[PDB]
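The residues making up each chain are set out below.
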Amino acid sequence: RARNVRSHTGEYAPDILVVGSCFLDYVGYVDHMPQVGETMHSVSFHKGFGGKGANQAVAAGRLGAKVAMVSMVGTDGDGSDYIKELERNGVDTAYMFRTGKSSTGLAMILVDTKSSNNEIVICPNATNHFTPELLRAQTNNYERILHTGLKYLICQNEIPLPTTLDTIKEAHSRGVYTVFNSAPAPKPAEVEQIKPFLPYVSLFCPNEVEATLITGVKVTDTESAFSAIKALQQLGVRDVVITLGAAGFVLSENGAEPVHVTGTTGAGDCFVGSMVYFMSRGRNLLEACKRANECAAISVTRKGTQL
Amino acid sequence: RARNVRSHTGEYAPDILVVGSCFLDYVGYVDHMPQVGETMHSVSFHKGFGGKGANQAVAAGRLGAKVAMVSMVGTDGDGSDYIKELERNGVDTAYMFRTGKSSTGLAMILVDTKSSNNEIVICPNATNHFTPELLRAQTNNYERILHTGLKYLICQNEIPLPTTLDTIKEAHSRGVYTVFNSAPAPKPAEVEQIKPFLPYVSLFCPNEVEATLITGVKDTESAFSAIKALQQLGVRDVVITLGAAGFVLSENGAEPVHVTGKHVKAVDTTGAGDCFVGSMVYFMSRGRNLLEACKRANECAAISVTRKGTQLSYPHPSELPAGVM
Ligand SMILES: [Cl-]
Ligand SMILES: [Cl-]
Ligand SMILES: [Cl-]
Ligand SMILES: [Cl-]
Ligand SMILES: [Cl-]
Ligand SMILES: [Cl-]
Ligand SMILES: [Cl-]
Ligand code: NA
Ligand code: NA
Ligand code: NA
Ligand code: NA
Ligand code: NA
Ligand code: NA
Ligand code: NA
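This text gives an overview of the structure that appears in the document. (Residues numbered from 1 in each chain as written, not as in the entry; some residues may be left out. Chains lettered and ligands numbered in written order. Heavy atoms only, no water. Residues with missing side-chain atoms left out of burial classes, pairs and counts.)

**Section: the overall build of chain B**
- Counting secondary structure elements, chain B contains nine helices and 15 strands.
- Rg of the C-alpha trace for chain B: 19 Å, near the compact-globule value of 20 Å for 325 residues, within the 12% margin.
- The principal-axis extents of the C-alpha atoms in chain B amount to approximately 55 × 50 × 45 Å. (Helix = DSSP H or I, 4+ residues; strand = E, 2+ residues; numbered from the N terminus. Rg over C-alpha atoms; globule rule 2.2 N^0.38 Å.)

**Considerations on the interface of chain B and chain A**
- On the side of chain A, 34 residues touch chain B, which itself brings 34 residues to the contact.
- Interface area, chain B with chain A, both sides summed: about 2600 Å², of which 64% is carbon and sulfur.
- If you look at where chain B meets chain A, you find one salt bridge.
- The partner of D78 of chain A in a salt bridge is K47 of chain B, with the nearest N and O atoms 3.7 Å apart.
- Summed over the shared surface of chain B and chain A, the result is 16 residue pairs in polar contact.
- Of all the secondary structure elements, the ones that give two or more residues to the side of chain B that touches chain A are β2 (23-30), β3 (39-41), β4 (44-50), α2 (77-88), β8 (106-112) and β9 (118-123) of chain B.
- A per-class count over the side of chain B that touches chain A returns 17 nonpolar, eleven polar and six charged.
- Alignment of strand β9 (residues 117-123) of chain A against β3 of chain B, held across three bridges, turns out to be parallel. The partner of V121 of chain A across the bridge, within β3 of chain B, is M40 of chain B. (Contact = heavy atoms within 4.5 Å. Buried area = accessible area lost by both parts, 1.4 Å probe. Salt bridge = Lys/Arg side-chain N within 4 Å of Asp/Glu carboxyl O. Polar contact = N/O pair within 3.5 Å; in protein donor to acceptor, adjacent residues only side chain to side chain. Nonpolar A, V, L, I, M, F, W, Y, C, P; charged D, E, K, R; others polar. Pairing = 2+ DSSP bridges.)

**As for unusual backbone geometry**
- Cis geometry marks the peptide bond from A183 of chain A to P184 of chain A, where omega comes out at -5°.
- Along the chain, the position of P184 of chain A falls in the loop between β11 (177-180) and α5 (188-194).
- That bond from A183 of chain B to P184 of chain B is cis: its omega, -5°, falls within 30 degrees of zero.
- Relative to the elements of secondary structure, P184 of chain B occurs in the loop between β11 (177-180) and α5 (188-194).
- Of note in this structure, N254 of chain A is not a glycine but carries a positive phi near 40°.
- Positive phi outside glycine occurs at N125 of chain B, with the angle close to 55°.
- Mapped onto the elements of the fold, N125 of chain B is located in the loop between β9 and α3 (132-139).

**A look at the nonpolar core**
- One finds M275 of chain A together with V239, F276, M280 and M284 of chain B to be the most contacted residues of the largest nonpolar core, which totals 110 residues.
- Here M275 of chain A is in contact with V179, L203, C205, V241, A288, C289 and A292 of chain A, once residues within four sequence places are set aside. (Core = buried A, V, L, I, M, F, W, Y, C linked by side-chain atoms within 4.5 Å. Buried < 20%, exposed > 50% of the residue type's maximum accessible area, 1.4 Å probe, protein only.)

**Re the coordination of the sodium ion (ligand 12)**
Residue and element names in this part refer to chain B.
- Distances from the sodium ion (ligand 12) to its protein donors, namely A65 (O) and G90 (O), fall within the range 2.2 to 2.4 Å. With a gap of 25 residues between them, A65 in the loop between α1 (52-62) and β5 (67-74) and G90 in the loop between α2 and β6 (91-92) connect regions that are remote in the sequence.
- According to the relative accessible area criterion, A65 is buried, its value standing at 8%.
- Relative accessible area serves as the criterion here: at 35%, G90 is assigned to the partly exposed category. (Donors = N, O, S within 2.8 Å, 3.2 Å for Na, K, Ca; no water.)

**Quick notes on the sheet that holds strand β4 (residues 44-50) of chain A**
- The strand order across the open sheet built from five strands is β4(A)-β2(A)-β8(A)-β9(A)-β3(B), with neighbouring strands paired in mixed fashion. The open sheet has two edge strands, β4 of chain A together with β3 of chain B, and neither has a second partner. Strand after strand, the sheet turns through a mean of 15° between neighbouring axes, direction not considered.
- Where strand β2 (residues 23-29) of chain A lies against strand β8 (residues 105-112) of chain A, seven bridges are found, and the strand directions are parallel. When the sheet's bridge partners are listed, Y26 of chain A is paired in β8 of chain A with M108 of chain A. (Axes fitted to C-alpha atoms, helices over the stretch in contact; angles between N-to-C directions.)

**Some words on helix α6 (residues 208-215) of chain B**
Residues and elements named next belong to chain B.
- Of the positions making up α6, those classed as buried are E210, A211, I214 and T215. In a view along the axis of α6, the buried residues occupy a sector of 115°, so they form one face of it.
- On the buried face of α6, the contacting elements are α5, β12 (203-204), α7 (220-232) and β13 (237-241).
- For α6, the side-chain oxygen to backbone nitrogen distance between the N-cap and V209 is 3.4 Å, and the N-cap itself is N207. (Arc of directions from axis to C-beta.)

**Quick look at the environment of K187 of chain A**
- With respect to the helices, strands and loops of the structure, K187 of chain A is situated in the loop between β11 and α5.
- C-alpha of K187 of chain A to C-alpha of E210 of chain A: the two residues are 23 residues apart in sequence and 9.7 Å apart in space.

**Points about the packing of aromatic side chains**
- Throughout the structure, instances matching the rule amount to 16 aromatic pairs over all chains.
- Each ring, one from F49 of chain A and one from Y82 of chain A, has its centre 5.0 Å from the other, and the planes form 80°; the classification is edge-to-face. Taken as a pair, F49 of chain A in strand β4 and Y82 of chain A in helix α2 (residues 77-88) lie far apart in primary sequence, 33 residues in all.
- With a relative accessible area of 0%, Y82 of chain A lands in the buried category.
- By way of ring pairs, the aromatic residues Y26 and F45 of chain A together with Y26 and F45 of chain B are connected into one cluster. (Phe/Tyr/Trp six-rings, centres within 6.5 Å; stacked < 30°, edge-to-face > 60°.)

Following this line, the structure appears as structure tokens:
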């Protein structure tokens, strides 16, 4: 077993649960994009650990969080490699599920540094079979992962939507503080499914496009972001944070006067996971988001020295 | 340790040594080929075991060969998965080398569902470090992998060329029968390096393109003259594969023979050449002469083209019609 094991007494039960995606990033650096029928060689290769769920868990884990990842990977060696990497970055893996019927999720990424263009083919693989029915079957209808000590759930939109939404609803019903980063951007039929679950979301943390798709408010600046915050509170979200990329973020804590704070692969994931870590340490939303925003800049720098 | 362990008595020393590539095949099926700047999802994904070296070893292993793979993979999960897969296909992995400084070699392969065309980016990764100097350092200057009873070496052209050429020379000098399948096709600088080593090649088994690049000779009758060119360059036995026109061969300079392709309905020919080479050597290790071995290899390759899956399409004995084994 690569995975952690829970105790009978629950003495290592997490403060933060992340229910989401784990994808390996297979990055081939090429002198040009392949044309149809072409066999070529890479000039360099790099294997990375991604998926927004793993990214957000690892962000928290690297700051010391008592975080656990709930996801699905393969029984393949790639799955084993992810499980170990999560442990080495402070993420408990006891509730990582493994399937022999699918490969671990991955993205195949081609990069032309010359032209600095990309091509990306996302292969969620095992992820696609991470359904609410399977989750419930493996967790005694969520009882195994939503223990009484649990303070935070983080979800994204990179696993089957019903799994994300049903988990949010169940955690919220137990008094868990639920955090939903709706990334990647929801499609029209996903927006429709999401809206009735928004009353079970303690904290909705979209970027501008995501806020635009959910609320129908065109978010391009602080003013429109503040309007989106209102639209989201009306849909029943308690706390809102809308990230504005490099231009900072806006937030409202439980309907108080919104606040604007002034200002890259996976920087957003670093922000979200860091934010929850700080909240788990007792910071309020604003304090957590300022600290998260700084962690996110430090992450970009640290990342830049490695690649 | 996933890898096999040798005994001090040489109890399990192989009859056939394959010194070549192991690549994981990451196969993404897509609605269309990604355009520049496109992010898409696959329709489905398939993980396969490839590399011409492993393919050829596995072809032989599946027929029951006492075959061992010499290659380089990662300490990663892909590495461990290949090492187990090889054992499950009857290939000894005692001389599989592992590096923690590189990932396992892989091919990223996109397959268009409609047009059935491919785009392929090869990432040799650990394979790039599979050098003569490293091979020597890990085998006591080849002593550990070239024991007396070793009968056959198989090489391709999917590792560093010096590793291939130096191994062929050392094996040949110990009286091992050396098989060299120059695939993928050698590049111009590779052709110049290879030609001086052809006297150390017992059996050269190129396709048409590859024979052309090596010989200077550009169908059956030109293939026959390419054979003569290769014998002159020092190659003892020659087999040139012709895709659909079967193949031509000459044993030790005897009158060439042409053998017709088995006319089957080819659904997926991926790895079929590798099937032919590995199967050929297997049959020679069981005592068949070159023509007999290639006829049986031909039957095996024919069976492989009737289904998808590359190594998975390679037959096991129980699956074969009578008169192949
Ligand atoms: Cl495990
Ligand atoms: Cl990484
Ligand atoms: Cl899969
Ligand atoms: Cl091992
Ligand atoms: Cl396979
Ligand atoms: Cl590498
Ligand atoms: Cl099989
Ligand atoms: Na820690
Ligand atoms: Na931790
Ligand atoms: Na499991
Ligand atoms: Na399944
Ligand atoms: Na065997
Ligand atoms: Na070399
Ligand atoms: Na086939």
